[PDB]
S.K.: 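After the structure tokens below, expect a handful of questions from me.
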Amino acid sequence: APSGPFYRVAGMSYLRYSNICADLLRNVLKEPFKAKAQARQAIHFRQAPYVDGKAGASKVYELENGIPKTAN
Amino acid sequence: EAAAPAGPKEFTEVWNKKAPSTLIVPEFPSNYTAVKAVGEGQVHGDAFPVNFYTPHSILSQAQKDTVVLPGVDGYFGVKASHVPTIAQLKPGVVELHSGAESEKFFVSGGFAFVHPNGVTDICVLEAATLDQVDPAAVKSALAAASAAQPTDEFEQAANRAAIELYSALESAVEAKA
Amino acid sequence: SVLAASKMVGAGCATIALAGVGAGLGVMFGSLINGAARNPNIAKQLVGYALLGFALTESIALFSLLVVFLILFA
Amino acid sequence: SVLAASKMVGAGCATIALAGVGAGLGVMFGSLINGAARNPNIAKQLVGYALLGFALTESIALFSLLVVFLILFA
Amino acid sequence: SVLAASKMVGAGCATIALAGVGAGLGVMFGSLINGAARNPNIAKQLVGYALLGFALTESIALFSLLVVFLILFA
Amino acid sequence: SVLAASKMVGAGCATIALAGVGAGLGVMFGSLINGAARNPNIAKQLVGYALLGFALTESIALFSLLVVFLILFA
Amino acid sequence: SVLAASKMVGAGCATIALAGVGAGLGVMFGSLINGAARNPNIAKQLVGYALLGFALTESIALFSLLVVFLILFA
Amino acid sequence: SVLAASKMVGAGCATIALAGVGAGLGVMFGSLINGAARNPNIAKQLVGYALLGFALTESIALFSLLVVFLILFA
Amino acid sequence: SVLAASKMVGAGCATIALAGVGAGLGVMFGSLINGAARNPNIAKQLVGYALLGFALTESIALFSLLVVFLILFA
Amino acid sequence: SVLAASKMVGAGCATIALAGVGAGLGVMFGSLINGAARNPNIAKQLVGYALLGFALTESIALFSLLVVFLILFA
Amino acid sequence: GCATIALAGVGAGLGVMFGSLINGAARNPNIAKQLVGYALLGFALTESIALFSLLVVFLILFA
Amino acid sequence: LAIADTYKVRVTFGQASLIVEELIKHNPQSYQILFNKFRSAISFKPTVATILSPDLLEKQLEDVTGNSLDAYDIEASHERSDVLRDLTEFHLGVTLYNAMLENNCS
């Protein structure tokens, strides 16, 4: 449906593609460096939309591996 | 067409009318950069400032004389008074040279700009030195990356990026100097 | 039979203008493949422009084939 | 009958100028497809330039065909 | 025998219009490689335009071979 | 009438000097399409440059046609 | 009268220098359109370089036409 | 008088080697335009590079025009 | 004396190989401009590449001239 | 002396392939400049490909220069 | 004589392919050898046209 | 929207990328990020950093007697309208990462 590069036409944003490439470069690094490159890879946060002003459901991220390779 | 000429100076002037007057002007990202694009100079012959950046590092900021950038059309090079460029980089080796000595950073991709004043800003996410990658896990992972081929074009586009980054990493690791 | 031979050696020389329209339709239908390899969501407008360009250059192809029979049978 | 032989073979060597027109219009009608695959939002401006370019380049083809008709039947 | 000797060099000079389709098919079939090396995902729609461009460019080889067939065998 | 006959094949060979101006007008009016597909806002300045560049390469074709009609009728 | 005939068919087999001169004028004044379509800020200095390239590639056009004056009349 | 008639045909068909030279200086003086449109800092040095190219690809124009006097007047 | 006439009519069609040399020199001296417009600090080395390519195509240009001399004086 | 005449007018139309190898060498020596201006740190490998390409392109030139004497002196 | 004009097109095609090799080698010098394999394979596949237009020349000359 | 629990482990760029993604789900013409610029341990004078959507307003704010963006040769795969589309998401991710890193240190 969109018109762009191979990540953009698939619905993916650019930041997810570039972080997927960063994650796959990180997974093949040297062992004096791969463990400390796991520090810059963890995604731990949460979010919650707010529709009416204070109500909204929660969405929690616990990801130590990196960005989700699966669809957003 | 550009009828809202904003900036730090215009926001300073308009912001003194709607905010309470005791509040000091909020700072801007312009206030911590002494280097711009249209500000001519910063060239000085053969060596040019190479601002090789990273989200989690600053890998280089001193002046270098030639930079090999791995753009999406192919590897190109930047000498001193190069043409202005906004080049998207495919995963490849950014070569920083100061003479005979070359430091080879294999990056993950991400853009690299050349400005009119000759400053070059390589801007990539994961920018590893090619020393710290092993040659074993790349084909070990590409054997699996050549297997999971679904119709899911999200996962298939991730597989395309996977096989292309891994193939470029392989072709950069067998071809050492 | 000087003109009845000359019409054949002119009509053979007349149809070599088809090489230009063959190369033109080659590049115009290669540009279609590049344009539909860029963004395949607009890929059925570009075939519609390829058929307009094909018709307006087969214009010139049939011009050359008009004169190749205007000097044969006319 | 050498004049009415040379007119036929001169028209046959005259109409080969329809090759270069038929290739230039091929690259123009391919550039229309390419530039309308770049940004399709101006694809009535670019078709409006394609038809001006076609109709101003085929005036060359009609010059060629006028020289053809004036060395055949004039 | 100047007419039957005329038609042989007429056919020989006539068949060099196949060079234009032999270059146009080459540049379109290289255009498909340079368009499929960019996005190998959808590289089978583009062959459906390669064969359409090949047919509509061959039409010129067909016209050239029938002008050859008519110069040789009237 | 070889003095009368030679001018026909001469002007026939001389009007081939429009094949290249047809190709050049095709590449220029395709380059305008691909350039106006970059920025549509400067697409009046581009056509103002295109008609100037046409009128100074159509004059090459007109010089070819002046040589054609001074060989033919002078 | 073979001399006065063949100098006219020779100078008539001569003018297609202007074909390739016009093709070069077409690629040059199309490269002007792409170049001034990229940055319209220097879109008058580029036309100055275009006219200097025009006047220094016309050199070949006048070099062809004065020589065909030497074939037609000297 | 086939010697002088033939040499005027030869010096006629000699100068159609200026076609590709006109196309060459056209490609050169056209890529000068986008070369100056990429970075206008170098444009006076870059047109010096273009005229250094011109004064050596004009050597082909001189190489084609001395043989026209070698055919006509030698 | 058809031999001493064929000398000149064959030399005029012998020197036609300068058109391709002019076109080749033109695209090389246009790519010199484009390449020195990308990174203008290698412009000395790129002019040294342009003159090496210009000499290595003057190889074939002087081959064409040695053939046009060998069928005039040998 | 019609046969020695035909050998000269055949060698004249036999050295036309030097235009094609000249244009091929010109696009190759322009691409040498373009590739050496992409990454100047690979320029010696690019010249090591350029001179191999020159020597293998002149194979066609010497196969054509093979026949320009094998119809003259054999 | 006029039969060997087909070597002009083969020279133009070989110059285009050996210019494209210079561009493609300047775009990833890691793969600067497989492209030369494709280059010489395509060159040998376009010497078919050269040797065809030479066997026509000696089939014109010697037959 | 409320993004929270962001400084629990640390701040990473993939995290700021996901926050940029959910700020791109609805797609405005401008972005404003308000934070505190960590000057020293004494002063954190607050900062507003602004990020415009690619040609939705950004190149429309660049065109003066021509444009200033047209100096650069776009070396993308696709057109300039997509290299700015990727480039402003990368700018949002960088600004959001630096904002929530400077804000944590302040």
Side-chain angles (χ1 to χ4, degrees), chain A residues 5-7 14 17-22 24-26 28-29, chain B residues 48 50-54 57 59-60 64-79 82-83 85-97 102-114 120-133 138 160-177, chain E residues 37-38, chain I residues 38-39, chain J residues 34-43 45-46, chain K residues 23-32 34-35, chain L residues 72-78 83 86-87 90:
Chain A
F6 70 102
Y7 47 87
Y14 170 70
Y17 151 77
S18 188
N19 271 291
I20 274 166
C21 290
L24 294 172
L25 199 156
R26 275 180 200 121
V28 300
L29 205 65
Chain B
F48 58 95
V50 193
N51 304 135
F52 191 16
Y53 291 142
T54 299
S57 293
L59 296 193
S60 163
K64 301 294 187 179
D65 51 22
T66 172
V67 178
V68 175
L69 289 168
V72 294
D73 297 348
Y75 281 71
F76 69 105
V78 182
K79 302 287 173 163
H82 200 91
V83 64
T85 310
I86 298 166
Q88 181 179 350
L89 307 182
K90 74 190 294 183
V93 174
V94 187
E95 291 184 43
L96 273 303
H97 317 288
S102 161
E103 50 267 29
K104 290 174 68 176
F105 302 97
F106 180 74
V107 306
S108 170
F111 304 90
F113 326 112
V114 175
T120 68
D121 308 271
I122 311 164
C123 301
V124 290
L125 289 199
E126 181 66 26
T129 290
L130 190 66
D131 276 339
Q132 56 220 53
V133 59
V138 199
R160 173 167 166 179
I163 63 171
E164 191 171 5
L165 158 64
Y166 277 148
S167 303
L169 187 45
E170 279 147 17
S171 62
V173 76
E174 288 112 17
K176 300 213 176 321
Chain E
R38 291 184 142 85
Chain I
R38 277 179 69 94
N39 38 0
Chain J
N34 265 336
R38 286 279 280 173
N39 43 2
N41 313 329
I42 318 296
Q45 193 187 24
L46 299 173
Chain K
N23 268 323
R27 273 160 151 80
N28 43 359
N30 314 334
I31 313 299
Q34 159 204 335
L35 308 171
Chain L
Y72 312 96
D73 301 332
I74 304 301
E75 201 263 333
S77 80
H78 291 69
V83 81
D86 302 336
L87 197 50
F90 187 37

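Just so it is clear: chains get the letters A, B, ... in the order the sequence lines come, proteins before strands, and each one is counted from 1.
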S.K.: Between the main-chain N or O of J:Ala37 and the side-chain N or O of I:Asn39, is there a donor-acceptor pair closer than 3.5 Å?
M.R.: yes
S.K.: Looking at every heavy atom in both B:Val68 and B:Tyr75, which two are closest together, and how far apart are they?
M.R.: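 Heavy atoms of B:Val68 and B:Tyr75 come nearest at CG1-CD2, 3.6 Å.
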S.K.: Give me the atom names and distance for the closest heavy-atom approach of B:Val114 to B:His82.
M.R.: CG1-CB, 4.1 Å
S.K.: Give, for atom CD1 of B:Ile163 and atom CG of A:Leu24, the distance between the pair rounded to the nearest 0.5 Å.
M.R.: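 These two atoms lie 12.0 Å from each other.
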S.K.: Hey, are the side chains of B:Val78 and B:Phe48 touching, using non-hydrogen atoms and a 4.5 Å cut-off?
M.R.: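 In contact.
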S.K.: Between L:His78 and L:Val83, is a side chain to side chain contact (heavy atoms under 4.5 Å, CB included) present by the stated rule, with each step listed?
M.R.: CA-CA 7 Å; L:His78 291 69; L:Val83 81; over 6 Å; no
S.K.: Verify side chain to side chain contact (heavy atoms under 4.5 Å, CB included) between A:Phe6 and B:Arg160, making sure each step is shown before the conclusion.
M.R.: CA-CA 9 Å; A:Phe6 70 102; B:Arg160 173 167 166 179; 3.4 Å; yes
S.K.: What distance separates B:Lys90 NZ from B:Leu69 CG, expressed to the nearest 0.5 Å?
M.R.: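 That separation rounds to 14.0 Å.
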S.K.: Compare every heavy atom of B:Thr54 with every heavy atom of B:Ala127, then report the nearest pair and how far apart it is.
M.R.: CB-OG1, 3.8 Å
S.K.: List the atom of K:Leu35, the atom of K:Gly24, and the distance in Å for their closest heavy-atom pair.
M.R.: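 Smallest heavy-atom distance, with atoms named: CD1-O, 3.3 Å.
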S.K.: What's the separation between atom CZ in L:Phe90 and atom CD in B:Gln88, rounded to the nearest 0.5 Å?
M.R.: 11.0 Å
S.K.: Sort and list the pairs that fulfil side-chain hydrogen bond (donor to acceptor under 3.5 Å, both in side chains) and have at least one residue in residues 120-133 of chain B, not counting sequence neighbours.
M.R.: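 Listed once each, the pairs are A:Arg26-B:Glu126, B:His115-B:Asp121.
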S.K.: Between the side chains of A:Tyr17 and L:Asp86, does any donor sit under 3.5 Å from an acceptor?
M.R.: no
S.K.: Working to the nearest 0.5 Å, report the span between CG of B:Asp73 and CD of L:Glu75.
M.R.: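 Rounded to the nearest 0.5 Å, the CG-CD separation comes to 4.0 Å.
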S.K.: Check B:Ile122, B:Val93, B:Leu59, B:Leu130 against B:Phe105 for a side chain to side chain contact (heavy atoms under 4.5 Å, CB included) and give me the one that passes.
M.R.: B:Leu59
S.K.: In plain terms, say whether B:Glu103 and B:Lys64 are close enough for a salt bridge, that is, a side-chain N and a carboxylate O under 4.0 Å apart.
M.R.: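 A salt bridge links B:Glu103 with B:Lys64.
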S.K.: Side-chain contact test, heavy atoms from C-beta onward, threshold under 4.5 Å: evaluate it for B:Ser102 versus B:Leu96 and give yes or no.
M.R.: no
S.K.: So, taking the atom named CZ in B:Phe76 and the one named CZ in I:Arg38, what distance separates them when rounded to the nearest 0.5 Å?
M.R.: 6.5 Å
S.K.: Rounded to the nearest 0.5 Å, what separates atom CD in B:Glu174 from atom CG in B:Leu169?
M.R.: 9.0 Å
S.K.: Report the C-alpha distance between A:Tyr14 and A:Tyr7 in whole Å, list the side-chain angles of each, state the deciding distance to 0.1 Å, and finish with yes or no for ring-ring contact (aromatic ring centres under 6.0 Å, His included).
M.R.: CA-CA 7 Å; A:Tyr14 170 70; A:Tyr7 47 87; 5.6 Å; yes
S.K.: Show the nearest heavy-atom pair for residues K:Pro29 and J:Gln45, with the distance to one decimal.
M.R.: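 Where K:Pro29 meets J:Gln45 most closely, the heavy atoms are CB-OE1, 4.2 Å.
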S.K.: Spell out, as yes or no, whether a donor-acceptor pair under 3.5 Å connects the side chain of B:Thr85 to the backbone of B:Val83.
M.R.: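 The answer is yes, because a donor-acceptor pair under 3.5 Å joins these two groups.
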S.K.: Is the shortest side-chain heavy-atom distance between B:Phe113 and B:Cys123 below 4.5 Å?
M.R.: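 Counting from C-beta outward, B:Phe113 and B:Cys123 do come under 4.5 Å.
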S.K.: Closest approach of A:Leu25 and B:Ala128, non-hydrogen atoms and distance?
M.R.: CD2-CB, 3.7 Å
S.K.: Do B:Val67 and B:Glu95 come within less than 4.5 Å of each other through their side chains, counting heavy atoms only?
M.R.: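 Contact flag for B:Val67/B:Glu95 side chains = no.
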S.K.: Could you go through the side chain to side chain contact (heavy atoms under 4.5 Å, CB included) check for A:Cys21 and B:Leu125 one step at a time?
M.R.: CA-CA 9 Å; A:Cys21 290; B:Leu125 289 199; over 6 Å; no
S.K.: Walk me through it: do B:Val72 and B:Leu89 pass the test side chain to side chain contact (heavy atoms under 4.5 Å, CB included)?
M.R.: CA-CA 5 Å; B:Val72 294; B:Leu89 307 182; over 6 Å; no
